[PDB]
Every structure is written in structure tokens, then in C-alpha cells.
Amino acid sequence: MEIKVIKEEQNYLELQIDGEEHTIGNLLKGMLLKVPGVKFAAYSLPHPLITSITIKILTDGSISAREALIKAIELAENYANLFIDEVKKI
Amino acid sequence: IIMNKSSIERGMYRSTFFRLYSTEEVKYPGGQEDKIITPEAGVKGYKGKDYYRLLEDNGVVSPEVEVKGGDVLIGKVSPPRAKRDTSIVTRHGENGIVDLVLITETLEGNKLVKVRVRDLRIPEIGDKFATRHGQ
Amino acid sequence: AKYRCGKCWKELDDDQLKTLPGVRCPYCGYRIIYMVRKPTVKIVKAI
Amino acid sequence: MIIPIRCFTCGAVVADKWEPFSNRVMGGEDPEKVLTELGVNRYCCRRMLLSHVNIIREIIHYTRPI
Amino acid sequence: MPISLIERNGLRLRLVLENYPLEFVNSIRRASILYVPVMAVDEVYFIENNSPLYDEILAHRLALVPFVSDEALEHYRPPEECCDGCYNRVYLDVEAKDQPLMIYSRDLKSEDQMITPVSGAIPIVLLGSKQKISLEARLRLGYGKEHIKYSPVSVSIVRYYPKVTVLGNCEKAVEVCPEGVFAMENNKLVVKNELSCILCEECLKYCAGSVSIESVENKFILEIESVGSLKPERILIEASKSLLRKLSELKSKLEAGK
Ligand code: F3S
Ligand SMILES: [Zn+2]
Ligand SMILES: [Zn+2]
């Protein structure tokens, strides 16, 4: 993937990701919504003919938006690893 | 309407389009002049060397050959009215594959050549569909 | 050029050097012949 | 012309169930019972077999010479 | 956060997932279709074809034939890291003598013996008298995000976990449920297949006060059905590995910018 920043502050981040679609966007939005300190989080797919998404994060300032995104990625990685561990023993 | 792309990738509503091209070796009564089917040489109405790359030694393309718009399918030179180039080319902006080549004779005895070109059509945004109820 | 006398999908093959009064199958006299597909290898994308 | 390899809706393979199904139905068996025995449970895959027209049998008599 | 098996029947696998978010389960459901590599025909080299079917039609039919790929994910290079070790060759050379002949999937010969068609009874083409075909195809790994011929499953389902409770007694519930959740055992209404409930709520418009229908918030049901190339348990692991790869790449690109 190729990423780029549209608008970044301490409590706001608009991130565009090229080469991604609903699979990662929905997971990241759902993981962000459970990070403490995040006030608003959404993802957008500007055109269905293009494989690109936009992430929009707003926090209260206690945590950075980039830090919240990294925490959400860590949460998703923990879930994926636990799923891999548990599928091997069914 | 909204249509499934995976259904189309599995072969649903795919189509083929066919087109036909024909010649005839006209034998003029006046002066015993006649046309001949052959790869055109450096003659009055030449089009370019790379437009005749697909013709065989008898002046007609072979089956299972990809053609583009402007490519020559049958080579033909006509009696003067020097000899003039009267070849038949693929129409503008219509690619395809040569499907059938037929060589026969008319009642008079003139050579008759028919070439069929096929084009594959896969459903895309902008295509029309209808039901048996007028929708 | 290599042709094929067409009475069905396939019949005896004939070549261009066989010169006759007109276009006809030498073996059976039929008046319609077809060009064969050249043995050049063709690459088709499987989409 | 010939039976499709996969169902159009889902990706299940239906081409290998055409000969048993058609052979048994023209033998006098119930199409629904034959389809259930063969493992074709979704109606998307059942319409694939219940509506196929075998045209290649007629076309092999008129193949292009080339 | 456990995983419970419901049923394992051939190419189908059904599971119960507890304490997982719906976003993760749906991402697994999508990744098992889009990001699992499978061997499939990429292109075909034709020498001759007298069959009623054109070259493109035969190429598409061959590309839609599944191949066994379980051992090919460690001996071949995936399309993410693009010859030997990349492609495999499969041959087909047939001819009919005097009567029509049907060509099946058992007529395809592979140079590598661990990559074979899943079923040998798939009809490829019907040949007339004296017609012949001789071709050569090349197989490579690929993802269903590029073409659906590379997908390893047919259906992929995630649905809510049902909770069916019988409050009173009514004979209409057995009549109106399309899933057969209820039955009559000794003149009373009982629940036989609770997990087969699809939350239709058709029972609530007839047995309004006799039946209670809810969904468990933290539980989900996952169904996948393999097509033959890979076993159902390998697909669920490959999907999670693809998710991990994408997440790690995104995390590295993010941390390399602050
Ligand atoms: S009628 Fe049927 S499947 Fe579910 S909620 Fe009501 S039971
Ligand atoms: Zn003949
Ligand atoms: Zn189906």
C-alpha cells in the first residue's frame, strides 16, 4: 500500500491509503472506536471503482490520533494472532 | 441495474460478435481486363508496408490471426480506369480474430473470397438488459 | 497456402501448387474450399 | 452450448454433476430427489442444472472447417 | 475468547466464535475469499483446435477448473513477490476417430504430480469426428482480489448467534418456521435445533406470546465451504496471515513518519 497525509494535527488526522478496501477500513474503524480517548472515527471509500480508502480520526487531546491508530493496529494484530492460535486446535 | 462481477467472470452473459467481408475478381468485358487477388506491390493506392503483414502468399489472411482497425484482410489490385489498389481493410476501431476464410467461384467464374472476423464481448458498465415484462 | 476441400468440417488437404481451370477440390470436384489454420503457436490469456 | 464449470452465483462446481443428474432423470427418477442426493442444496446451483440446454450435440454436426 | 466447532462435513466447516468483534469476523470472512493463494490456469498455448469451442472459450473453461494446491503454497512463489518456481505446465492432446468423443479432466497431464485437478470427471469439450485439440497451459498462484478463479471458497457466511426460548405452548410455531427449529414432543413445544435459527421472526407474528427470539451479542457463527483446492482449516489461517501482513506493513509505514 501507499499512504499519505491529507491533514494532521495533535487531535486530528486524515489519512489516505491506496491499495486497501473495506476489509482493512472497517476493521480499523471498529478497533479505533474502542480505543480510550478517541471521540470520532470513520472510514470512507471515495469511489467503488478505485481501491483506496480514507481514515478520519478525532481525539480529545489526551492521546494523539496517530497513537490511537497504532493502538488500533496493535489490537487487530492481537485478535488475528489469537484467531490463528485457536484455529489450529479445533 | 446492478450486476454481479463474479458472475460475469464465471462466464455469465458473455457474447461473441461476427462480421463478414467479401471480394470478387471482376472480369471486365472491355479489353479483357480483370482484377487479381495478390499482395499489393508499390502501386498507385498503396497504404504502407506494415498493413500487409498479415496476408499470405495468395493475398488473403489466415484463420486465428488477431487484426486491428485498418489491417488488410484481402489484397486486391484493379485495372487502370497503372494498376490501382482496391484492398479491403478492417473497419476503424474494431479489433478481433479471423474466424473463417472461404474461397469459391461465382456463376460467371470469378473468384469469391469471404472472411469472417469475431470479437468477444464481456458485459460491462453501459450494457442493456431487459426482462419479459418490459423492464 | 494450404487449403481444405469442405464437404464437412474436415476432408483431404490440398495446397496452392495444384493448378486447375478454377477453384475446385481435385479429389472430388467440389467448388468450395477453406483455408487451414497455420501451425504457429497462439497465446491466449485465460481470463 | 455446454454445461458451465461453476455456478454463476457462487463458485461451486456443477459441471461434474450434469451427466449423473440427466442420466437419472431420463431414467424416471424425481429431479428433486436426485438433486438432493447429489448434494446440490442451494437453488442457485439447482437452476444451473434444471435449465441447461445441451446444444453442442447439435453443433458438432456443423463445425466450421478452418 | 474460544472457538467451538458446530459441524465438519466434507468441504464445509461451521464454527462458533465468542468474544470476537464483528469487524474482525467479517474481515476474516472477506479475506478467505480475497487473499488466499490458489493454483489456476494463467494462459494457454494452442497448437491446434478443431473443436466447436473457440480458443478463448476453452481457455476460460480450463481456467475455471480447480487444482489441488495444498503443497503448492510452499514450493511456489506467491503473486506478492514476483520460469522455475513460479509456473507449472499442464498438457492436453486428444483426438476423435470416427464418433463423437467427450474430453474430461482426467485427460489433463501435469508435469508436477502434486498439482492435479480436484475432480477427474469434469466435462471440458465434446469433439466431433476427426476433430483434435493439442494445447499447453501454465499455472501460477494468485489471489481472488485479482480474478475470482483464484478464490478457494464458494460461500462464506457470518451470521448472528440465536437465542430461542419457549414461553408457553403453540402448534403454529412448528408450522411457520422455515428452519425446523421447533418440534412437538409429548404434546409440548420444544426447541430441537436452536443454532439453525436465522432470526426470521416469522414465529413472532403467529406465536407472539409463546416464543422469545433474541441474538447473543458477543457470539457469531462462521460458515465457509471449500471448492477443493485447499482444506477449510488452511483457508482460515491463510486469511489471518494476510491480515497480519497488511497490518504490519501499515504499522511500519505509519511509524516511519513520526
Ligand atoms: S420463525 Fe424461524 S428461523 Fe428464527 S426467529 Fe422465528 S424461528
Ligand atoms: Zn474433396
Ligand atoms: Zn450456486
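Easy rule for this one: first residue shown is 1, then count along the chain.
Header lists the method as electron microscopy, 2.6 Å.
Cβ coordinates are placed from backbone N, Cα and C, and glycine is handled just like the others.
Feature annotations, reproduced from Swiss-Prot:
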{"type": "BINDING", "residues": "C:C5, C:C8, C:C25, C:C28", "note": "Zn(2+) binding site"}
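Each of the binding-site residues C:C5, C:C25, C:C28 was checked for a CB under 8 angstroms from a CB of chain E; none meets this. Secondary structure from DSSP puts C:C5 (Zn(2+) binding site) in a beta strand.
According to DSSP, C:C28 (Zn(2+) binding site) sits in a coil region rather than a helix or strand. Between the listed binding-site residues, namely C:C25, C:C28, the fewest other CB atoms within 10 angstroms of a CB are found at C:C28.
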